[PDB]
Amino acid sequence: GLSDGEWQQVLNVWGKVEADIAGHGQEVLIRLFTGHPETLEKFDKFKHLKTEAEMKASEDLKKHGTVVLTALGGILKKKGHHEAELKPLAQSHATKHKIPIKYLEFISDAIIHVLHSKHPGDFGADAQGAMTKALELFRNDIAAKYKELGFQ
Ligand code: HEM
């Protein structure tokens with residue numbers, strides 16, 4: 001649960017992402033894969049990537065970063081009223097992709113890391129607080145659907 005002022009911060013931060021969605025999405029995925037190499041094994045289409053240079057050169061990885069962040073941005077713009085948008089993603093990630101909730105924690109922290117890396121000094125303490133709460137709400141509502149499905 002976020003206040004109006006916290007949502008305002010979230011959507012202000014998101015404007016930074018929307019200026020370069022593919023560059024942000026690429027770096028989020030690279031931070032996830034290099035920091036937590038077990039996550040790469042969930043992607044049949046990226047498991048061939050052995051080095052970060054290959055990851056950086058992959059146009060399909062940048063494409064997938066755009067897909068991921070476009071979906072997250074659509075959820076964030078709902079300011080918590082995201083049941084219809086979140087349900088299909090929870091279902092596909094539990095039943096088809098088999099993504100443990102832990103990996104959603106990993107990517108949440110990676111988003112925070114990339115924002116500081118690309119906007120040093122321009123991602124203030126209030127903005128980090130609000131973004132973190134929004135990603136926690138997203139993860140918690142996914143977790144509720146995972147529990148319904150019995151997925152661990
Ligand atoms: C911010 C969190 C994330 C968002 C918004 C997101 C969004 C999406 C979307 C929109 C798709 C395509 C449609 C679908 O299959 O449902 C997708 C595919 C996928 N997601 Fe996620 N995702 C997230 C986190 C992750 C994480 C943490 C992993 C694994 C570590 C992951 C693994 C996958 C895989 C394996 C696919 C299928 C890729 C393919 O072969 O084309 N997702 N995701």
# chains A, B, ... in the order shown; residues from 1 in each chain; ligands from 1
>>> residues_around(residues="residue 56 of chain A", least_positions_apart="4", cutoff="9 Å", atoms="only C-alpha atoms", output="PyMOL selection string")
chain A and resi 26-27+30+51-52+61-62
>>> select_by_dssp(residues="chain A", states="alpha helix (DSSP H)", output="ChimeraX atom specification")
/A:4-18,21-35,52-57,59-76,83-91,101-118,125-149
>>> residues_near_ligand(ligand="ligand 1", cutoff="7 Å", atoms="only C-alpha atoms and all ligand atoms", output="count of residues only")
22
>>> residues_around(residues="segment 136-150 of chain A", least_positions_apart="2", cutoff="9 Å", atoms="only C-alpha atoms", output="ChimeraX atom specification")
/A:1-2,72,75-76,80,82-83,86-87,89-91,93-95,100-101,104-105,108,131-134,152
>>> write_last_selection(atoms="N, CA, C and O atoms", output="mmCIF file, in the first residue's frame")
data_model
loop_
_atom_site.group_PDB
_atom_site.id
_atom_site.type_symbol
_atom_site.label_atom_id
_atom_site.label_comp_id
_atom_site.auth_asym_id
_atom_site.auth_seq_id
_atom_site.Cartn_x
_atom_site.Cartn_y
_atom_site.Cartn_z
ATOM 1 N N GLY A 1 0.806 -1.211 0.000
ATOM 2 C CA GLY A 1 0.000 0.000 0.000
ATOM 3 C C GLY A 1 0.840 1.262 0.000
ATOM 4 O O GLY A 1 1.581 1.539 0.945
ATOM 5 N N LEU A 2 0.691 2.052 -1.054
ATOM 6 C CA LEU A 2 1.452 3.276 -1.236
ATOM 7 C C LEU A 2 0.512 4.472 -1.184
ATOM 8 O O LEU A 2 -0.631 4.401 -1.641
ATOM 9 N N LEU A 72 6.149 -4.378 -16.729
ATOM 10 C CA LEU A 72 6.211 -3.818 -15.385
ATOM 11 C C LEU A 72 5.684 -2.390 -15.351
ATOM 12 O O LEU A 72 4.963 -2.015 -14.414
ATOM 13 N N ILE A 75 1.978 -2.293 -15.200
ATOM 14 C CA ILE A 75 1.509 -2.629 -13.860
ATOM 15 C C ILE A 75 1.668 -1.431 -12.928
ATOM 16 O O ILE A 75 0.729 -1.044 -12.230
ATOM 17 N N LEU A 76 2.831 -0.780 -12.958
ATOM 18 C CA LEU A 76 3.089 0.346 -12.049
ATOM 19 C C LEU A 76 2.128 1.504 -12.293
ATOM 20 O O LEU A 76 1.706 2.185 -11.345
ATOM 21 N N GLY A 80 -1.367 0.059 -8.094
ATOM 22 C CA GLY A 80 -1.854 -0.980 -7.213
ATOM 23 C C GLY A 80 -3.116 -1.677 -7.675
ATOM 24 O O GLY A 80 -3.421 -2.760 -7.170
ATOM 25 N N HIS A 82 -3.994 -3.603 -10.101
ATOM 26 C CA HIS A 82 -3.335 -4.331 -11.182
ATOM 27 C C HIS A 82 -3.736 -5.803 -11.256
ATOM 28 O O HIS A 82 -2.996 -6.603 -11.825
ATOM 29 N N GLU A 83 -4.865 -6.188 -10.666
ATOM 30 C CA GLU A 83 -5.229 -7.602 -10.619
ATOM 31 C C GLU A 83 -5.273 -8.222 -12.014
ATOM 32 O O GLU A 83 -4.728 -9.311 -12.235
ATOM 33 N N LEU A 86 -1.709 -8.482 -13.493
ATOM 34 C CA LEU A 86 -0.765 -9.310 -12.765
ATOM 35 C C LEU A 86 -1.115 -10.786 -12.866
ATOM 36 O O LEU A 86 -0.218 -11.622 -12.939
ATOM 37 N N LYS A 87 -2.400 -11.129 -12.855
ATOM 38 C CA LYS A 87 -2.823 -12.530 -12.903
ATOM 39 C C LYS A 87 -2.175 -13.340 -14.023
ATOM 40 O O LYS A 87 -1.609 -14.406 -13.721
ATOM 41 N N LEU A 89 0.601 -12.895 -15.589
ATOM 42 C CA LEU A 89 2.037 -13.010 -15.376
ATOM 43 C C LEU A 89 2.342 -13.963 -14.233
ATOM 44 O O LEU A 89 3.237 -14.802 -14.343
ATOM 45 N N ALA A 90 1.585 -13.872 -13.134
ATOM 46 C CA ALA A 90 1.731 -14.855 -12.068
ATOM 47 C C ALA A 90 1.508 -16.262 -12.591
ATOM 48 O O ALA A 90 2.255 -17.186 -12.263
ATOM 49 N N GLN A 91 0.480 -16.451 -13.412
ATOM 50 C CA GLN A 91 0.170 -17.798 -13.872
ATOM 51 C C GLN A 91 1.246 -18.326 -14.812
ATOM 52 O O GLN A 91 1.684 -19.469 -14.680
ATOM 53 N N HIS A 93 4.372 -17.406 -14.966
ATOM 54 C CA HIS A 93 5.642 -17.588 -14.283
ATOM 55 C C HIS A 93 5.628 -18.762 -13.322
ATOM 56 O O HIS A 93 6.655 -19.417 -13.168
ATOM 57 N N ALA A 94 4.479 -19.098 -12.738
ATOM 58 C CA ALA A 94 4.420 -20.279 -11.887
ATOM 59 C C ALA A 94 4.304 -21.562 -12.697
ATOM 60 O O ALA A 94 4.965 -22.557 -12.376
ATOM 61 N N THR A 95 3.463 -21.575 -13.730
ATOM 62 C CA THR A 95 3.076 -22.833 -14.364
ATOM 63 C C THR A 95 3.881 -23.174 -15.597
ATOM 64 O O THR A 95 4.105 -24.360 -15.867
ATOM 65 N N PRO A 100 10.818 -19.311 -9.344
ATOM 66 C CA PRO A 100 10.574 -19.127 -7.911
ATOM 67 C C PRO A 100 10.517 -17.651 -7.525
ATOM 68 O O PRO A 100 11.139 -16.786 -8.157
ATOM 69 N N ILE A 101 9.738 -17.367 -6.479
ATOM 70 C CA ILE A 101 9.569 -15.991 -6.013
ATOM 71 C C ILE A 101 10.900 -15.353 -5.672
ATOM 72 O O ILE A 101 11.090 -14.146 -5.868
ATOM 73 N N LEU A 104 12.185 -13.224 -8.374
ATOM 74 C CA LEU A 104 11.513 -11.933 -8.438
ATOM 75 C C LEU A 104 12.076 -10.955 -7.420
ATOM 76 O O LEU A 104 12.146 -9.756 -7.700
ATOM 77 N N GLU A 105 12.527 -11.447 -6.263
ATOM 78 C CA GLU A 105 13.294 -10.621 -5.339
ATOM 79 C C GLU A 105 14.604 -10.184 -5.989
ATOM 80 O O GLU A 105 14.980 -9.012 -5.932
ATOM 81 N N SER A 108 14.047 -7.463 -8.515
ATOM 82 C CA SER A 108 13.642 -6.228 -7.859
ATOM 83 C C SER A 108 14.864 -5.471 -7.376
ATOM 84 O O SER A 108 14.995 -4.259 -7.604
ATOM 85 N N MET A 131 10.010 3.336 -4.852
ATOM 86 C CA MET A 131 10.207 2.267 -5.828
ATOM 87 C C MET A 131 10.299 0.904 -5.173
ATOM 88 O O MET A 131 9.705 -0.074 -5.649
ATOM 89 N N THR A 132 11.013 0.819 -4.062
ATOM 90 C CA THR A 132 11.131 -0.439 -3.345
ATOM 91 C C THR A 132 9.763 -0.922 -2.884
ATOM 92 O O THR A 132 9.430 -2.101 -3.061
ATOM 93 N N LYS A 133 8.949 -0.024 -2.337
ATOM 94 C CA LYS A 133 7.618 -0.414 -1.888
ATOM 95 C C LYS A 133 6.757 -0.883 -3.052
ATOM 96 O O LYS A 133 5.997 -1.850 -2.919
ATOM 97 N N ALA A 134 6.873 -0.237 -4.209
ATOM 98 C CA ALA A 134 6.089 -0.660 -5.359
ATOM 99 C C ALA A 134 6.509 -2.043 -5.835
ATOM 100 O O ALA A 134 5.654 -2.856 -6.217
ATOM 101 N N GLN A 152 6.148 -23.585 -5.456
ATOM 102 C CA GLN A 152 7.329 -23.140 -4.735
ATOM 103 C C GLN A 152 8.507 -23.106 -5.694
ATOM 104 O O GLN A 152 8.545 -23.864 -6.666
#
>>> closest_atom_pairs(of="segment 84-131 of chain A", to="segment 7-24 of chain A", cutoff="8 Å", atoms="only C-alpha atoms", output="tab-separated table")
residue	atom	partner	partner_atom	distance
A:114	CA	A:24	CA	7.3
A:123	CA	A:13	CA	7.7
A:126	CA	A:9	CA	7.6
A:127	CA	A:9	CA	5.5
A:130	CA	A:10	CA	5.9
A:131	CA	A:10	CA	5.3
>>> write_last_selection(atoms="N, CA and C atoms", output="mmCIF file, in the first residue's frame")
data_model
loop_
_atom_site.group_PDB
_atom_site.id
_atom_site.type_symbol
_atom_site.label_atom_id
_atom_site.label_comp_id
_atom_site.auth_asym_id
_atom_site.auth_seq_id
_atom_site.Cartn_x
_atom_site.Cartn_y
_atom_site.Cartn_z
ATOM 1 N N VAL A 114 20.429 -0.867 -10.960
ATOM 2 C CA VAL A 114 20.610 -0.239 -12.265
ATOM 3 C C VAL A 114 20.212 1.227 -12.206
ATOM 4 N N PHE A 123 18.806 9.560 -7.978
ATOM 5 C CA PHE A 123 17.816 8.590 -7.510
ATOM 6 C C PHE A 123 17.817 8.710 -5.993
ATOM 7 N N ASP A 126 14.052 9.262 -1.052
ATOM 8 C CA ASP A 126 12.600 9.140 -1.125
ATOM 9 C C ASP A 126 12.168 8.324 -2.335
ATOM 10 N N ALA A 127 12.831 8.534 -3.475
ATOM 11 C CA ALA A 127 12.500 7.798 -4.690
ATOM 12 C C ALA A 127 12.825 6.322 -4.537
ATOM 13 N N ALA A 130 10.095 4.675 -2.376
ATOM 14 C CA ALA A 130 8.812 4.469 -3.037
ATOM 15 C C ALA A 130 8.917 3.361 -4.085
ATOM 16 N N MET A 131 10.010 3.336 -4.852
ATOM 17 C CA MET A 131 10.207 2.267 -5.828
ATOM 18 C C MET A 131 10.299 0.904 -5.173
#
>>> closest_residue(among="A:6, A:32, A:54, A:74", to="residue 113 of chain A", atoms="only C-alpha atoms")
A:32
>>> closest_residue(among="A:124, A:129, A:73, A:65", to="residue 28 of chain A", atoms="only C-alpha atoms")
A:65
